[PDB]
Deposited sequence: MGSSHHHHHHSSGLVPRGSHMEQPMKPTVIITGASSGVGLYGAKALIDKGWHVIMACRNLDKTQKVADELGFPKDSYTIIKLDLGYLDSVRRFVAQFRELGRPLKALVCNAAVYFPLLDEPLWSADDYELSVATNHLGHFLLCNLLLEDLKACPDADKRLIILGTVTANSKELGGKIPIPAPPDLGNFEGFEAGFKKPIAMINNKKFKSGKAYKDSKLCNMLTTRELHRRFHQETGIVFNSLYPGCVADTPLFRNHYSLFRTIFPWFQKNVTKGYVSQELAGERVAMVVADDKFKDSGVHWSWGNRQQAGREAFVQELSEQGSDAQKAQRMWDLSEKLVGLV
């Protein structure tokens, strides 16, 4: 009966409060999380009604776990109306790179490659769903806390198979902050390419979303702590573009469910949401390369 949405990384921050807001709207939320105990705990602490959500294990750092999640979701027999790619990792105090179960640098492997496989797999479920209005939302960047800009180069690391000791998409020296930025740029390019390749054929809406500066989540906590040691007058709610976790989740819920956000191939940013189209140019060319190589790394070919 209830429309069904999958949210990755729903045990914390934006994903958790997006699930809360979507449950309030009458949806059934699949909480695709790696830590089943932590997820159940925070779902109870916020009083989620048990008939409105289901917890299924997903570890985006293990490609076979991504396939196992899809198999387990299909066992439920719920038609898939929406997918929110929300989970992300950032390691602000990392000197040397960490590796995924498939020997890919952890940030890109989790934030991008895991989601990339999940989107390509779940595209068949979104197609099979009979609803006219079906949406795939990707949490992205500000425009279409870390001052270093992302730089994919010519994907030399991807072209070489991206296996360790390769640590960056352009095969340069590992930097954990730039690694996060590079992986979030890949999310944005995935949205561009999903729209270009599949919107006309399938009718599915493919958009990215910047919910605002959600300073209270754990993601950038170390940056805020470092700010306080230098500026002791500093609090998180004074950050530029600060939004609460509850409001961020409501904005996710709007982009998933509301009629105002039916256009495909745009980036929603924040107040009543500014829209940015993803047209053509230089990043459209990068997106095509990003897609082709990512298919090889995740075993789709």
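Asker: Which residue ranges of the deposited sequence are not present in the modelled coordinates?
Answerer: Gaps in the modelled chain, taken against the deposited sequence, lie at 1 to 24, 169 to 177, 304 to 311.
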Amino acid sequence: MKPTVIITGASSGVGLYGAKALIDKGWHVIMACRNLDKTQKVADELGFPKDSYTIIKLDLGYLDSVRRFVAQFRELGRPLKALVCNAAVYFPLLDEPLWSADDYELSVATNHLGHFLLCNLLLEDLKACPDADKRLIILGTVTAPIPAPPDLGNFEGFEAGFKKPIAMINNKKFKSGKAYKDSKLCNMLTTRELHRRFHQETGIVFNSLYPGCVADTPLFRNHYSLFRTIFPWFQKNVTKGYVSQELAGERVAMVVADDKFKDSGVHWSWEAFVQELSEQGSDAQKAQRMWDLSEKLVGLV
From here on, numbers count along this sequence of modelled residues.
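Asker: Using the B-factors recorded in the PDB entry, average over the C-alpha atoms of 109 to 117 and of 76 to 84, then report which stretch comes out higher.
Answerer: It is 76 to 84.
Asker: Averaging CA B factors per stretch from the PDB record, which one is higher: 47 to 55 or 240 to 248?
Answerer: Comparing averages over the C-alpha atoms only gives 47 to 55.
Asker: Just grab whichever of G157, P145, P218, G177 has the top CA B-factor as deposited.
Answerer: If I rank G157, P145, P218, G177 by C-alpha B-factor, first place goes to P145.
Asker: Comparing recorded Cα B-factors across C186, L209, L94, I169, which one is largest?
Answerer: Checking the PDB record, the top C-alpha B-factor among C186, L209, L94, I169 is at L94.
Asker: Just say lowest, middle or highest third for the CA B-factor of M1 relative to the other modelled residues in its chain.
Answerer: As the PDB entry reports it, the C-alpha B-factor of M1 lands in the highest third of its chain.
Asker: Looking at the entry's B-factor column for C-alpha atoms only, identify whether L297 ranks in the lowest, middle or highest third of its chain.
Answerer: Middle third - that is where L297 ends up once the chain's C-alpha B-factors are sorted.
Asker: Quick one: classify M31 as lowest, middle or highest third of the chain based on its Cα B-factor.
Answerer: For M31, whose C-alpha B-factor we compare with every modelled residue in the chain, the answer is the middle third.
Asker: Considering only modelled residues of the same chain, in which third does the CA B-factor of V89 rank: lowest, middle or highest?
Answerer: Its C-alpha B-factor, which the entry lists for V89, ranks in the lowest third among residues of this chain.
Asker: Which third of the chain does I138 land in by C-alpha B-factor: lowest, middle or highest?
Answerer: Answer is lowest: the recorded C-alpha B-factor places it there.
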